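Structure at a glance
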Amino acid sequence: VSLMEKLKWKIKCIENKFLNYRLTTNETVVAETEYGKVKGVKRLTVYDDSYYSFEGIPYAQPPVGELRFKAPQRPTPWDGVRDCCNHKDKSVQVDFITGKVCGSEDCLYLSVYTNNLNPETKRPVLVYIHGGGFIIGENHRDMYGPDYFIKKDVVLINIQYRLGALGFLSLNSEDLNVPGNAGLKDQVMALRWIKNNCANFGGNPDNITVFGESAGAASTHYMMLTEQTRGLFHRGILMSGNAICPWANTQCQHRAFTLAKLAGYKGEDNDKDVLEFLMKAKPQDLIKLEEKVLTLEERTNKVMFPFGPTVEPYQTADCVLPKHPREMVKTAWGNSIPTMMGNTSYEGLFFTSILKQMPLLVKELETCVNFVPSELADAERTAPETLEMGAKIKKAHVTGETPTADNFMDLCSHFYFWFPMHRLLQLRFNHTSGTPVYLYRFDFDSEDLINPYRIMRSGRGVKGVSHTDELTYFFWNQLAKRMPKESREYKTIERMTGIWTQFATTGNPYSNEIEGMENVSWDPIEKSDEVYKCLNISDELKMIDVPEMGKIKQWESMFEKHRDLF
């Protein structure tokens, strides 16, 4: 990331600190939790609203020392008042602006926000799980500010969970009790804390919505798949992702050794000696080296991250993913709760940055074999069957004689997002009570209001609605500003938070108290539907047929001779 964006960020960081001070009040409050009392504080928003803020509530034991890489344990109760007027640190990770490691191993906290601590009726409980590819992210308000949501009458909660190798190391040896998915197991324990404590903040424990975007979307989906959380929450919103996206799981059991070697380990590939080294290494050193773990083969086959969600090699008490995600949909309690899913209108436009450093990636579209789903393609991607699937991909996205950058980013929309969405819907249809699923397509483009991910994807002065462009209209961030109430930006904030809160409350996303939904008749998807219908969210709110349907079906035809793998 460029030196200018670095200094610009440094200055906005300094601004945000002083703003946060100014926006604080002296009105402190105390709430009960099952672990003991917590002291929160009231804060202001730039829209002259206010909210109670409880930050830094522990939901797990600090996972340091001997607890590193392990499933989380319940925190120790205290008797007195715990100070929750300040945010805790983020999970150890590489900062995308600076490039330096930041954060701490002590990161298993959550934040509770609400405009009213003593509501006359118990409120909808909304739980946000952040994305960031399971390797970056945080619940700090400089990134996920509750300022928009607190205009509505909900309780909003933002969790953290362990990222990267510290969150997702996995070892085969059953004796060492590092099966994997510790970060997911962090999410489960936060959910249980939210179940049992949200009433003390005015929340309805029988009306909880979990939602997330990107890796947060796949997390939300994982929380709907596992037996560990059955009945815990009642609605789900999958924003740009789910658990069967190609990036959303990987078998990483051999990569521990690679990571140890990068970090100075001398010895042989056996799990015990690997684990002992990794247990004593500096967290920052482990996180800094994660970038180098993936081989060239793996990157070529589109493996995006070294460590992440995985099928655990042996079942333990806290086990979360005991089979491949596709197999879990077939037995998932979450299949029978109201669900909303959706994508932006140009998801893959995100990858512009990566394309500018690697122009060669656009030649991959000449045969498109590297984009054939892994479970279908051969090792070298050279088999005649593979070139044949590759061809079907190429006819779907290459518009001219020669492949373009837009063809590429278009393909990525489908490879990483639409096609996995299509596979999940169809699969879910086969194994469900018949609760509704609603589709949206976020198609609103503005550059007047942005979020920090635009800095990352080099999204300055680039038209189209990329992956994460929608977060801008849900949370406050330190790049935001107060928008006039008549602006298209402000109106979309109202519409977006309105719909989400409407769905959180009723399990139905439609309301005519939302401006622009007058002629909207938003139906759920039926299995009988050959074409997906979704609410397209732009300057106007209009029900349409999913524009990406034709390509979606083209991708499906790769499974013609392999329908059981669909």
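Residues numbered from 1 in each chain as written, not as in the entry; some residues may be left out. Heavy atoms only, no water.

The record names X-ray crystallography as the way this model was obtained, at a resolution of 2.230 Å.

The method is simple in principle: a probe with the dimensions of a water molecule rolls over the atoms, and the space it marks as empty is what remains. For the second largest pocket, the calculated volume is near 880 Å³. Looking at the second largest pocket, it is lined by 39 residues, and the ones nearest its centre are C245, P246, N249, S374 and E375. Among the elements of the structure, α9 (325–329) and α12 (405–429) are those that each provide at least two residues to the lining of the second largest pocket. At 4 residues, α12 tops the list of elements feeding residues into the lining of the second largest pocket. (1 Å grid on protein atoms, 1.4 Å probe; cavity = no way out; pocket = protein on both sides within 12 Å on 5 of 7 lines; lining within 4 Å. Points joined across faces, edges and corners; volume = space filled by probe spheres on them. Helix = DSSP H or I, 4+ residues; strand = E, 2+ residues; numbered from the N terminus.)

Should the charged atoms of two oppositely charged side chains come close, the side chains can pair. Considering all chains together, one arrives at 32 salt bridges under this definition. The partner of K42 in a salt bridge is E27, with the nearest N and O atoms 3.3 Å apart. With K42 in strand β2 (residues 37–44) and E27 in strand β1 (residues 24–31), the pair connects residues that are 15 residues apart, well separated along the chain. Using a relative accessible area of 37% as the deciding quantity, one classes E27 as partly exposed. Linking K39 and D83 is a salt bridge whose minimum nitrogen-to-oxygen distance equals 3.3 Å. With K39 in strand β2 and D83 in strand β4 (residues 81–83), the pair connects residues that are 44 residues apart, well separated along the chain. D83 gets classed as partly exposed once you look at its relative accessible area, which sits at 45%. Salt bridges sharing partners connect three or more residues here, namely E447, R454, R457, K463 and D469. (Salt bridge = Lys/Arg side-chain N within 4 Å of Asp/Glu carboxyl O. Buried < 20%, exposed > 50% of the residue type's maximum accessible area, 1.4 Å probe, protein only.)

Attention now moves to unusual backbone geometry. Despite not being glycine, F134 shows a phi value in the positive range, around 70°. Phi is positive for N177, which is not a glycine, with a value near 55°. Mapped onto the elements, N177 comes out in the loop between α2 (164–168) and α3 (182–197).

Along strand β12 (residues 339–344), 6 of the 6 residues are buried, which leaves the element largely enclosed by surrounding structure. Residues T339, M341 and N343 of β12 are buried on one face, and the alternating residues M340, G342 and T344, pointing to the opposite face, are buried as well. Two elements, strand β11 (residues 235–239) and β12, share 4 bridges in a ladder whose sense is parallel. Opposite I237, over in β12, you have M340 as the bridge partner. In this structure, β12 lies alongside strand β13 (residues 437–442), joined through 6 bridges in parallel fashion. Among the inter-strand pairings, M341 is bridged to a residue of β13, identified as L439. (Pairing = 2+ DSSP bridges.)

With 128 residues, the main nonpolar core has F54, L110, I194, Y222, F233, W247 and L278 as its most contacted residues. Here this core takes 14 residues from α12, the largest share from any one element. Residue contacts for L278: discarding those within four places in its chain leaves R68, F69, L169, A256, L259, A260 and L286. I97, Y144, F442 and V520 belong to the second-largest nonpolar core, a separate cluster that totals 50 residues. (Core = buried A, V, L, I, M, F, W, Y, C linked by side-chain atoms within 4.5 Å. Contact = heavy atoms within 4.5 Å.)

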